[PDB]
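A single chain, nothing else alongside it, follows as structure tokens in the form deposited in one PDB entry.
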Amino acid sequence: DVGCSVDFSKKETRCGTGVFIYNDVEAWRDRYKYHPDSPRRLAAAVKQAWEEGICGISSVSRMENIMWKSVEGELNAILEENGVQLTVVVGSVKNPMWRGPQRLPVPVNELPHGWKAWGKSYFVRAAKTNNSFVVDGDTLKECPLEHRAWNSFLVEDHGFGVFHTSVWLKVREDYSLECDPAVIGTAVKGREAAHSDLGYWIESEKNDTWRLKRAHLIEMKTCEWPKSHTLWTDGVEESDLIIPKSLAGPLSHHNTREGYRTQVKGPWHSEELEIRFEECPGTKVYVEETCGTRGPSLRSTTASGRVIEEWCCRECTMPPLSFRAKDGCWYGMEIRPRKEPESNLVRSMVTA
């Protein structure tokens, strides 16, 4: 509750007391020591899930995938004490992280054996069996989507930064469609405010009736942002949320822009994306009445390195919405190419 700050526009500095919110995206976080319940209980859950037709998992957040990847080996070594022949196999992740109709259960009992799950001093190995328990990757054929799980972990405590940086988790006991609360924080000071979490950071400004300023996106979640953690909820309709409600956008008057509607066909397959309201390099976003209609977002960069400069639209208000990705510039649905074809270009695979 106690601390300090230092302003930038004015140089006044002061310590005091209050409530403090921090940015935790640009550095991709540090490396931490995750403690998912007792990894033995997680292993028992992975068994009882296979027994009932669950054959894989699709991560809800990159933290979940990294926890899986970092506990893969001990997961395989923890079941071999008893009569279980499963073999987890963790691959890379893809964007966006489509949902899963199943849910990992909650075991009432646990595999009786040693407690050696945490921090085994090296020398951990196991023998590969016939049947896998895949996690992400290209294992679609081995385990069809309808048999995959999604969104079954709930944070509990993430302190211990001075000496252990330990983040604790658990398997959630109830069905739900909304993101994790404990890692969300939002604040407002006069003419500015922000919504954010571990992977989401959203900024709003008081220009006139408030609007959307900027946002940085390293993953593409697909949960729903809780309403208790958003500003000025009522009076808004879901047809005008710039970040679709399906991609965990918040319902707010700060989450919008005059002239633009929900962006459901955007480049949600890129690895990293920055939402910025400004014209991309070489671009001249005109305003025309003869221009076309909404359509899938078209990258400004061709697979051959070619780019298209002139785009038009009717309903837009400058500056224009654009996504910045390591691949290149991706524009919004409203702004279509002014004369160039909408198909002889690197079109976003339909993200509807």
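We number the residues from 1 along the sequence you see. Here, rigid core means the biggest group of C-alpha atoms that superpose within 1.5 Å across both forms.
The same protein also exists as the form deposited in another entry; that form is not shown, yet it is the one meant from here on.
In a superposition on the rigid core, which residue from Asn23, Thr13, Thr17, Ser343 has a CA displacement reaching 2 Å or more between the shown form and the other one?
After core superposition, the one over threshold is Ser343.
Large Cα shift (2 Å or above) at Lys120 between the shown form and the other one, core-fitted: After core superposition, the displacement of the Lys120 C-alpha between the shown form and the other one reaches the 2 Å mark, so yes.
Checklist entry - How does the CA gap of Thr256 and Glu342 change in the other form versus this form, closer or farther, if it moves 3 angstroms or more? => result The answer is farther, because the C-alphas of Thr256 and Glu342 separate from each other in the other form by 3 Å or more.
| said: Just to spell it out: taking the C-alpha atom of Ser343 and the C-alpha atom of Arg294, is that distance smaller or larger in the other form than in the structure shown here, given it changes by 3 Å or more? | reply: Relative to the shown form, the pair is farther apart.
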